[PDB]
Amino acid sequence: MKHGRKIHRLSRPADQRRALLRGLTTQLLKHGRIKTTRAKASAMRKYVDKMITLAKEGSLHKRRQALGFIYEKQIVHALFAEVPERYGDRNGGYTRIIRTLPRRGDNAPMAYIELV
Amino acid sequence: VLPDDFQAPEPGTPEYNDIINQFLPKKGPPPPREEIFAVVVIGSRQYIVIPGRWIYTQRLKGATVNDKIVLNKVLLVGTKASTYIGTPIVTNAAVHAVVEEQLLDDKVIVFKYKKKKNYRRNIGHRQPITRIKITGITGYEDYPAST
Amino acid sequence: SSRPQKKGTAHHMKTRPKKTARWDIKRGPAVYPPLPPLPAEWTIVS
Amino acid sequence: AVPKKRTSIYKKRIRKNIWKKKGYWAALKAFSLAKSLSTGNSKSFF
Amino acid sequence: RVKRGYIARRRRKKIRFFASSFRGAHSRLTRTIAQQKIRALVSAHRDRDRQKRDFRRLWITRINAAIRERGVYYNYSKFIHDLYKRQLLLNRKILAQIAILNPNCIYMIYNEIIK
Amino acid sequence: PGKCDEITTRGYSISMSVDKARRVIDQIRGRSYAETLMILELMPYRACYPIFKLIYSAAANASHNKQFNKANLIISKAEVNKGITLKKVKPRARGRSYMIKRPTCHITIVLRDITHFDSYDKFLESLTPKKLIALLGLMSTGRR
RNA sequence: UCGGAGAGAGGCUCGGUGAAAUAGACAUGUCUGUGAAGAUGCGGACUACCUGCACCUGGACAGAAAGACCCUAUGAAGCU
RNA sequence: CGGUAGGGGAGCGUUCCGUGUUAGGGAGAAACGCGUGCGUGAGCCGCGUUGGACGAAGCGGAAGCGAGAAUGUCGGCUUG
RNA sequence: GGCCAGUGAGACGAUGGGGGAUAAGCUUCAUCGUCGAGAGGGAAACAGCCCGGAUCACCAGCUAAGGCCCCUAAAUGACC
RNA sequence: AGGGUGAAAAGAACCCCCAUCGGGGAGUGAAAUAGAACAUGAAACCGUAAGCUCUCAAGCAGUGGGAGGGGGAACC
């Protein structure tokens with residue numbers, strides 16, 4: 011029974027679910043909008059918030075954390091060298107989950123992420 | 088094309104009401120036949136018979152149509168304030184009649200068969216009935232037992 | 048065991064309704080007075 | 002595992018009706034989404 | 003010298019029509035339309051002879067109640083001691099018929115019988 | 026005859042199962058054109074799109090062909106019927122083979138605009154009987 | 001012993017395509033009794049709103065192959 | 001005047017032929033139905049429709065001549 | 001005698017018996033009944049027990065076998 | 001295994017929905033609810049609309065009796 015377990019897991023096995031979250035957050039921090047099924051939206055929400063706050067504190071150690079999580083190299087440098095101005099005193103709750111019509115082909119609930 | 092529209096009546100409808108009302112409900116009158124009531128015997132079976140009525144009976148012995156008849160084997164002639172009840176029959180109790188067309192009552196499919204035992208018989212039957220009408224009742228005065 | 052049981056047909060003769068009281072076997076129906084005859088029932092004479 | 006005998010028209014009409022009707026309930030939801038998507042304050046449908 | 007037929011379609015439309023309001027496959031599905039047909043005719047027999055028997059029963063019980071209405075122990079049994087002893091030519095359990103239409107008349111009958 | 030209060034828009038063998046097109050078509054029976062429009066636009070059903078294209082090609086087919094509105098324009102009957110079905114032999118284990126059918130819908134929709142002579146009161150006036158026939162374009166529970 | 005938790009693929013729900021064997025018609029209760037002697041279809045009593053979905057498989061002498069065991073046929077065939 | 005196996009008697013109907021390039025028939029031949037019209041019955045008269053071309057009756061003749069039963073069989077359709 | 005059939009293992013009940021264990025809804029023969037080929041009422045249901053024999057119609061009556069408290073007709077009628 | 005629009009393609013100019021699939025008008029034709037998966041078109045099977053009706057039920061589902069109601073004003 012689920013009772014108590016609160017790790018949002020996707021349709022995928024462990025390894026591939028990791029990979030999906032890392033790639034998917036990378037591409038969020040790259041474009042700012044994104045379109046994923048709602049479940050992927052929630053699972054993103056957690057991690058991308060972690061990366062943002064990880065950039066709010068731009069010491070080397072943390073920079074190497076993020077350097078290890080995100081795939082694309084230079085989106086990180088742009089990111090932490092850019093955001094502690096954007097999200098100065100926003101203090102948590104960085105995304106926004108403006109949702110949208112389903113996906114012809116699955117009628118799969120589909121949502122559309124922001125950064126604000 | 089175009090809708091029919093109003094037309095051109097522009098005329099206020101007649102409001103007499105009463106004439107239209109007379110037109111709307113049809114008249115009913117029904118006659119009273121009389122206060123008398125009999126029980127006659129034809130074939131073997133009996134009939135509660137009241138004057139002016141049809142009865143589908145068996146009487147196809149021989150009698151052409153548009154006829155006149157006395158059904159003299161009468162019993163229990165009863166008016167609507169007294170009755171006369173009699174042994175087997177009440178004397179002089181002519182119940183006058185008008186024989187008419189000798190029908191063939193509707194088909195009754197007699198259909199018999201058993202089971203696996205392989206037979207069946209589609210056969211029908213018209214009982215030749217006679218539809219008598221009753222005109223009046225007579226001679227029920229003697230020995231009235233009504234009370 | 049050692050006693051047989053009574054089956055179809057055999058069961059019936061043991062257990063069919065019998066009117067086993069000499070009296071009711073005897074009886075006969077009411078007769079009546081002879082009921083002297085009855086008239087005709089039909090007449091063309093009219 | 003294998004059915005004995007075909008069902009009537011009666012029963013089948015009952016179940017097909019439950020299928021379609023199960024589709025009935027899931028329209029008025031979409032009609033609410035429509036009647037709300039007609040321009041109005043909302044955070045959905047960019 | 004082929005000799006093919008259509009006389010089935012009439013043979014069979016006729017039945018197809020005699021089995022209407024039969025509420026199932028018994029009204030559509032010819033190869034059972036037939037045996038149904040057979041079985042409706044059969045129950046027409048049994049329900050016909052049983053209807054003669056059945057209406058006697060109904061009048062016996064109905065006249066029986068009208069007679070027991072006298073509060074003393076009378077019967078449909080004893081009413082016929084007394085209705086044949088006094089010669090009444092067989093009102094034919096259709097005194098059971100007036101017993102519900104002209105009840106006063108049936109009390110007249112009944113009083114003349116008691117005498 | 027409906028007397029031009031009807032515009033049938035028959036359908037091709039639109040290549041989808043009859044019964045699913047029947048769950049949406051049963052969905053849309055009676056509702057006026059605007060509603061069923063905005064529903065079929067957003068309905069999450071595959072059989073909803075071709076039905077949509079049909080409807081809109083029935084309104085538009087009833088505005089310049091006849092000449093009607095759309096706001097007072099309902100879906101009267103909107104029936105589906107089966108059509109030609111094709112037959113494929115798809116094979117399967119131990120050398121058996123099974124027909125896989127391939128159905129086709131066949132939809133006829135009968136929209137219905139509104140044309141009314143308009144009668145002020147219930148009372149009847151057994152007059153203008155020849156005219157009366159013209160007057161009684163459409164009535165419910167009529168007697169006599 | 002004596003099970004338990006976990007990951008994956010199915011199951012489950014929603015969108016799409018969409019078979020199968022079986023199938024007299026089935027408006028298809030329990031216990032007893034009966035009956036070709038082990039019945040939802042008959043009798044008596046009890047019990048049961050209508051209808052879904054998931055789940056298990058005791059019955060419908062459930063499906064499958066006109067039994068392969070036994071016997072018969074002045075059957076067929078192989079071997080001695 | 002019950003009736004299975006079975007025997008005998010009397011009939012209806014269908015495609016075709018003789019009477020015919022018949023009577024009748026684009027004011028309209030057959031399949032569907034209203035008539036419990038009619039028959040003991042197989043069936044027959046009438047009655048209607050978008051289409052619509054042929055063809056009775058009577059006295060006779062012939063039969064690829066009458067179907068729900070063959071795990072028949074060809075096609076179309078369902079149940080699950 | 002002619003022309004032609006079907007049938008060839010019946011079942012139970014009553015009786016007299018053999019076999020069996022004076023066991024079988026067993027088996028085998030002799031004389032009859034019903035079923036077979038036969039309906040209907042009594043027997044709760046119930047081929048082979050009882051009355052009885054079905055040409056049809058009847059919203060007429062008298063009875064047989066069996067029955068008269070309710071479900072179901074008919075006296076919860078008499079007296080020992 | 002797969003035949004039969006019409007007498008003549010006169011086989012559908014034009015318009016609108018329009019991914020040119022398929023339709024509604026217009027037009028032809030005596031008729032195209034004869035329009036090209038087109039000549040009569042049965043039954044199974046799939047729907048639709050109207051009339052009466054089923055949720056304390058028990059049934060090879062009919063039959064005899066017929067409550068209540070609807071139909072053209074005694075028959076269904």
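Chains as they are written, first to last, in the authors' numbering: chain P, 11 to 126; chain T, 88 to 234; chain h, 48 to 93; chain b, 2 to 47; chain S, 3 to 117; chain U, 26 to 169.
Yeah, the Cβ is synthetic: ideal placement off N, Cα and C, and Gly gets one too.
From the DSSP output, in three-state form, read off residue i for me.
i: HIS87 (chain P); result: helix
i: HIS47 (chain S); result: helix
i: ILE139 (chain U); result: coil
i: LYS45 (chain P); result: strand
i: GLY33 (chain P); result: helix
i: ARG117 (chain U); result: strand
i: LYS16 (chain S); result: helix
i: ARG113 (chain P); result: strand
i: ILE17 (chain P); result: coil
i: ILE196 (chain T); result: coil
i: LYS72 (chain P); result: helix
i: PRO75 (chain U); result: helix
i: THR63 (chain S); result: helix
i: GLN53 (chain S); result: helix
i: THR144 (chain T); result: strand
With a Cβ-Cβ cutoff of 8 Å, do residue i and residue j count as a contact?
i: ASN86 (chain U); j: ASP138 (chain U); result: no
i: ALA87 (chain h); j: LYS199 (chain T); result: no
i: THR61 (chain U); j: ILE50 (chain U); result: no
i: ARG146 (chain T); j: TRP89 (chain h); result: yes
i: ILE123 (chain P); j: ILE44 (chain P); result: yes
i: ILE65 (chain S); j: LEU31 (chain S); result: no
i: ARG56 (chain U); j: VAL105 (chain U); result: no
i: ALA84 (chain U); j: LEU136 (chain U); result: yes
i: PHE32 (chain b); j: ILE64 (chain U); result: yes
i: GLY27 (chain U); j: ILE132 (chain U); result: no
i: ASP154 (chain T); j: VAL185 (chain T); result: yes
Take residue i as the anchor and find which of the options has the nearest alpha-carbon.
i: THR34 (chain U); options: U:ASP146, U:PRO75, U:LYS45 and U:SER42; result: U:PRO75
i: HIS183 (chain T); options: T:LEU111, T:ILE107, T:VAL157 and T:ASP91; result: T:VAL157
i: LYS115 (chain U); options: U:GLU104, U:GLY108 and U:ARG127; result: U:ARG127
i: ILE137 (chain T); options: T:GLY165, T:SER169 and T:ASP154; result: T:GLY165
i: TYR70 (chain U); options: U:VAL135, U:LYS45 and U:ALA103; result: U:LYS45
i: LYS167 (chain T); options: T:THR234, T:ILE129 and T:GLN94; result: T:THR234
i: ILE62 (chain P); options: P:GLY115, P:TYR122, P:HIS18 and P:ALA88; result: P:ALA88
i: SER122 (chain U); options: U:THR129, U:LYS112 and U:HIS131; result: U:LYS112
i: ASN179 (chain T); options: T:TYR171, T:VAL186 and T:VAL185; result: T:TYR171
i: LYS50 (chain P); options: P:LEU20, P:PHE79 and P:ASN117; result: P:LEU20
i: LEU39 (chain P); options: P:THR47, P:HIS71 and P:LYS83; result: P:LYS83
i: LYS194 (chain T); options: S:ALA10, S:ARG6 and S:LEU43; result: S:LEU43
Examine the ligand HEM and report whether any of its heavy atoms sits within less than 7 Å of the Cβ of residue i.
i: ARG73 (chain P); result: Ligands are entirely absent from the displayed structure, and the ligand HEM is therefore not among its contents.
Might you give, ordered along the chain, the residues of its own chain that have their beta carbon closer than 6 Å to the beta carbon of residue i, omitting 5 neighbours on each side?
i: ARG55 (chain P); result: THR105
i: residue 60 (chain T); result: The question about residue 60 (chain T) has no answer here: the residues shown for chain T are numbered 88 through 234.
i: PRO231 (chain T); result: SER169 and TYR171
Around the C-beta of residue i, are 16 or more other C-beta atoms found within 10 angstroms, so that it is buried, or is it exposed?
i: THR110 (chain U); result: exposed
i: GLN133 (chain T); result: buried
i: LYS66 (chain P); result: buried
i: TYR112 (chain S); result: buried
i: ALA95 (chain T); result: exposed
i: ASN18 (chain b); result: exposed
Going by beta carbon distance, what residues of the same chain come within less than 8 Å of residue i, once the five residues before and after it are set aside?
i: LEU111 (chain P); result: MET120
i: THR153 (chain U); result: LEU160
i: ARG120 (chain T); result: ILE137, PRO138 and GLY139
i: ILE17 (chain S); result: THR32, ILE35, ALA36 and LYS39
Residues in the same chain with beta-carbon distance under 7 Å from residue i, minus the five sequence neighbours each way, listed in chain order, please.
i: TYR97 (chain P); result: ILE62, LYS66 and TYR104
i: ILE176 (chain T); result: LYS160, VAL161 and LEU162
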